[PDB]
Amino acid sequence: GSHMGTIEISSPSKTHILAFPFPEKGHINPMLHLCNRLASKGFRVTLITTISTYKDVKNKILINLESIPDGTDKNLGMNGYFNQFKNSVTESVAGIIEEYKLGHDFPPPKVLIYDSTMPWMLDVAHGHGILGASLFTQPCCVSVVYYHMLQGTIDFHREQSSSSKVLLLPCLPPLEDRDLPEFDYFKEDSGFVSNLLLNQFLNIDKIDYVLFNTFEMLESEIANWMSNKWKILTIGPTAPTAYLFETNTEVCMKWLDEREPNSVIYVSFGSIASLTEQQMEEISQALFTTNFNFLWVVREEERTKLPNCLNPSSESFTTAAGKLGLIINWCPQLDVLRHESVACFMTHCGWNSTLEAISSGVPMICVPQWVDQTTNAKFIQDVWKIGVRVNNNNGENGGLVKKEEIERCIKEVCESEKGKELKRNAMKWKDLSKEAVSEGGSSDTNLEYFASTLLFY
Ligand SMILES: C[C@]12CC[C@H](O)C[C@H]1CC[C@@H]1[C@@H]2CC[C@]2(C)[C@@H](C3=CC(=O)OC3)CC[C@]12O
Ligand SMILES: O=c1ccn([C@@H]2O[C@H](COP(=O)(O)OP(=O)(O)O)[C@@H](O)[C@H]2O)c(=O)[nH]1
């Protein structure tokens, strides 16, 4: 009694978060993990995705799901394709924000978490009166290389046949030419892919929340350098400690359950990369002669590039070394990596696979293909010391990696005493990533900072 007044409560359950990943699995997956964490804190979370990825996201998922049209003419070059994409999703998401601003079941949107490679989405959020959070899907270390490239002072031009160069940037180890992000692979479209990653920093000072899927201890020096400059929040890994529903889960878990512990080489080049027939044959011949079992993901659209001596969703093998192999179109990667049967991970070093391996304690054989995969491999081998990087036959990044070189790297990681060290290092980093996302860890604290401040008056 006695008093008279109204109390108003701002809590996660009446706070509405919008999330909009770039429509590729290396962008969708870290976003979905973050959304799962945010729903667990009680927030209302709506995931917006393009119609052509919608069924994939639906199969994987508390989370409200909205589709938007693709904006993909499929007939234009990369520049016109992306600009149509930008225009379509700009009006699409603006529309959704406004429906929800006038709705009554849901709270009005408080923030839009958008993919860092769609920086024009900050203009949509701010133009419609809500906060913007930019989710980077690459590590801090390679992201700052893009910032220095955008600043245009340092010369990143390279004529690698004339001389060799080493680049020193603040709070980064020296970077050889092969350590830089790889854009020449894209040939005529190299400038476009380049611009797309440089432009992540066009509005960096206007972003309300700068979110990186990494943990501070993994990237201490450069994260501090970026925290001083832009007040970033390292919130990773967004994947949980010991999930997304992936395909072939029961098949892969049953197969791995029937293998000896620490006996399986897990091989994946991610969702996008496509290897030449020659490269596939080098890998095949290594795997069929090594002293280990193997689980090798070859995507459906890549099966025809397999060697002549090998359509079918999966194939089982006894190898020429007496071991067992399984070739499959897709696997639950996080569950595979955390299986006791897995000895090591031959990976293209996409950032999600890298951080999922780190979070799982699995040493890597690095076969980087392009963009940040080269830089990631440099850190895996020489900084975190949890893998070895293959050497391309010719000196180049697009050069063939021979079976003998693959074999050499298997023997080092899996049979040598150096490999036992690499595995010790990987369990150390596994514990540190677990510590970062547990109560009082830097990533747990940073993600709570994001969540708590959303509630502020
Ligand atoms: C570099 C890029 C954008 C930045 C994000 O990190 C996602 C990657 C995926 C790979 C890359 C895109 C940029 C667009 C791409 C060139 C695009 C392609 C168009 C094409 O004809 O071949 C591939 C699909 C995806 C793509 O291959
Ligand atoms: O057989 C597979 C291969 C990949 N992935 C997942 O797909 C993502 C691949 O992203 P990454 O950044 O490693 O490389 P990209 O596909 O973008 O080249 C990661 O979340 C993997 O966990 C998977 O679930 N099953």
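Conditions tested, residue by residue: (1) farther than 30 Å from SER194 by Cβ; (2) away from ligand 1 (no atom under 16 Å from the Cβ); (3) in contact with a helix residue (DSSP H, G or I) (Cβ under 9 Å, 6 or more places away or on another chain).
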site	(1), (2), (3)
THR354	no, no, yes
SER360	yes, yes, yes
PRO363	yes, yes, yes
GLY387	no, yes, yes
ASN391	no, yes, yes
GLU396	no, yes, yes
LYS403	yes, yes, yes
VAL413	yes, yes, yes
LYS418	yes, yes, yes
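Taking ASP382 as the residue in question, decide whether it is within 16 Å of ligand 2 (Cβ to nearest atom), assigned by CATH to the domain that holds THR290 and charged (D, E, K, R). Outline the logic, then answer.
Working: within 16 Å of ligand 2 (Cβ to nearest atom): no; assigned by CATH to the domain that holds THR290: yes; charged (D, E, K, R): yes.
Criteria not met by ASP382.
Select from segment 428-457 the residues that are over 19 Å from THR214 (Cβ atoms) and surrounded by 15 or more Cβ atoms within 10 Å (Cβ to Cβ) and list them in ascending order.
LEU454
Are any residues in segment 189-221 in contact with a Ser or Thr (Cβ under 9 Å, 6 or more places away or on another chain), farther than 18 Å from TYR449 by Cα and within 16 Å of ligand 2 (Cβ to nearest atom), and if so, which ones?
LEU196, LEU197, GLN200, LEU218
Just the residues that are surrounded by fewer than 24 Cβ atoms within 10 Å (Cβ to Cβ), within 23 Å of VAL124 (Cβ to Cβ) and within 13 Å of ligand 2 (Cβ to nearest atom), please, taken from segment 1-27.
Within segment 1-27, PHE22, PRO23, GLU24, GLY26, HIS27 meet the criteria.
Looking at (1) out of contact with any helix residue (DSSP H, G or I) (no Cβ under 7 Å at 6 or more places or on another chain); (2) surrounded by fewer than 16 Cβ atoms within 10 Å (Cβ to Cβ), which is the one condition that is false for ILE154?
Just one mismatch for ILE154, condition (1).
What strands (runs of 3 or more DSSP E), lying completely within segment 7-79, carry at least 2 residues that are within 22 Å of the chain's Cα centre (by Cα) and of a type in the set (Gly, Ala, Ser)?
By residue number, no strands (runs of 3 or more DSSP E) qualify.
Inside segment 222-248, can you point out the residues that are within 16 Å of ligand 2 (Cβ to nearest atom) and charged (D, E, K, R)?
The answer is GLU246, and nothing else.
Is at least one residue of segment 294-308 over 19 Å from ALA242 (Cβ atoms), within 12 Å of ligand 2 (Cβ to nearest atom) and in a helix (DSSP H, G or I)?
yes
Can you confirm whether segment 432-453 contains a residue that is within 23 Å of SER13 (Cα to Cα), among the small types (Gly, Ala, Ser) and in contact with a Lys or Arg (Cβ under 7 Å, 6 or more places away or on another chain)?
Scanning segment 432-453 turns up at least one residue that is within 23 Å of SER13 (Cα to Cα), among the small types (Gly, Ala, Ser) and in contact with a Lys or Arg (Cβ under 7 Å, 6 or more places away or on another chain).
Quick reminder, even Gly has a Cβ in these numbers, built from the backbone with ideal geometry, and neighbours come from all protein chains shown. The values are calculated or read from the model by the stated rules, or taken from the named source; no laboratory instrument gave them.
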